[PDB]
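Data block below; observations after.
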Amino acid sequence: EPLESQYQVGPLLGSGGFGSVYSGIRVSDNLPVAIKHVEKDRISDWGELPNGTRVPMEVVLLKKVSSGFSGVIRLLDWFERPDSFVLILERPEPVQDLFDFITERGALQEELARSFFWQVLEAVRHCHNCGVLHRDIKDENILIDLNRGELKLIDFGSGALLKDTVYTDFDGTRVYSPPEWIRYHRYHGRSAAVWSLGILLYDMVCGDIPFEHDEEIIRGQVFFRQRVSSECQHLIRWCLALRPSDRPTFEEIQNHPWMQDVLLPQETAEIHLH
Ligand SMILES: Cc1cc(-c2ccncc2NC(=O)c2nc(-c3ccccc3F)ccc2N)cc(N)n1
Numbered sequence: 032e033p034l035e036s037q038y039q040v041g042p043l044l045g046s047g048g049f050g051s052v053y054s055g056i057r058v059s060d061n062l063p064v065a066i067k068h069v070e071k072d073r074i075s076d077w078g079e080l081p082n083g084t085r086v087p088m089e090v091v092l093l094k095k096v097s098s099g100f101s102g103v104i105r106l107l108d109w110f111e112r113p114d115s116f117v118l119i120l121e122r123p124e125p126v127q128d129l130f131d132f133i134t135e136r137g138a139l140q141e142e143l144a145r146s147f148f149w150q151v152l153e154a155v156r157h158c159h160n161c162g163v164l165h166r167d168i169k170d171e172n173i174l175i176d177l178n179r180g181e182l183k184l185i186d187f188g189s190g191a192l193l194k195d196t197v198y199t200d201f202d203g204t205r206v207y208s209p210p211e212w213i214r215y216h217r218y219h220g221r222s223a224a225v226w227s228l229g230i231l232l233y234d235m236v237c238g239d240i241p242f243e244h245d246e247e248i249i250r251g252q253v254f255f256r257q258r259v260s261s262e263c264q265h266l267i268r269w270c271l272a273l274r275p276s277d278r279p280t281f282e283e284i285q286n287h288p289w290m291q292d293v294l295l296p297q298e299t300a301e302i303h304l305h
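Under the authors' numbering, think of the first position of the sequence shown as 32, with each following residue one higher.
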């Protein structure tokens, strides 16, 4: 029943605005886990559990996206402490986040970026199907299960329940945020997610994000610093349309000619990760 007996705490993996994440092991079966701590006073968004229990939004959202689908990090357990919440999450091993992967490899070959981008799209569609909006899709929030070539979305701490009305709050990453958020402090869920996906795909094929300042985001002029195919540039420019309604739907992205003939995750690990 207690936290200390159920899990063996390992080293600190990282910390930041999201809280503190440790490597861990579930004592019973030696299953690798990640133990995330978040202070109650530092919590950006609070959520309501069906039984009335007040919990961080991440607990609500991760419970909604809980199935056999490997594209989203699994919430294994959670605990309330007097001044904090502790979340026990899945930990693939060996693992590397996409930001570190891109830093080490530079710009990704298009075949690899296609496989990775396709899995991110499948994971985001699963969230939206479950009524969950991530709101912080970026290289740092994507983990690569290096042996299986499977990607997982992490950090639902800036997320929200998906709705069809305007969002006026935002606590994700500014450089992945759309021009309507920068200009008006307003955005709709799906079209803002598609913009962050265009930032992510550019990041994968160029090895860096396209915009650093508010003025560049608002202007939305995309410059390619690396050699990128015409079909890939077209998809990126489409996701990054200034008008939210001009951005593609997830169906239009996955039917795009650049997205055809994706590798399977295991083929991806064999060709590119081994
Ligand atoms: C260590 C860190 C934390 C976050 C993270 C942020 C917010 N909320 C949760 C986070 N992490 C997780 O949930 C989480 N992290 C890892 C992990 C991440 C990077 C390197 C090695 C790892 F084992 C594995 C399983 C997880 N379930 C993000 C990044 N890039 N790095």
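The beta carbon of each residue, even a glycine, is placed where N, CA and C say it ideally should be.
Between the alpha carbons of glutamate 243 and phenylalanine 132 lies a distance of about 20 angstroms. Inclusion of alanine 300 and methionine 235 in the CB contact set at 8 angstroms is not warranted, their separation being larger than that value. DSSP places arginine 136 within a helical segment (H, G or I) once states are collapsed to three. Taking the Cβ of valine 117 as the reference point, every heavy atom of ligand 1 lies at 7 angstroms or farther away.
Residues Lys95, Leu192, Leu193 of the same chain have their beta carbon placed closer than 8 angstroms to that of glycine 162, with the five preceding and five following residues left out of the count. A direct Cα-to-Cα measurement between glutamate 135 and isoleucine 173 gives close to 15 angstroms.
Per DSSP, the continuous beta strand (DSSP E) segment holding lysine 67 begins and ends at 62-70.
If you draw a straight line from the Cα of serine 36 to the Cα of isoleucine 119, it is about 14 angstroms long. The C-beta separation of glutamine 39 from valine 69 comes to about 21 angstroms, leaving the pair out of contact by the 8 angstroms criterion. For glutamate 121, the CB falls within less than 7 angstroms of some heavy atom of ligand 1. Taking 7 angstroms as the cut-off, the C-beta of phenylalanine 110 does not count as close to any heavy atom of ligand 1. Secondary structure note for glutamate 171: it is in no beta strand (DSSP E), with a DSSP letter that is neither H nor E. Closer than 7 angstroms to some heavy atom of ligand 1: that does not describe the Cβ of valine 96.
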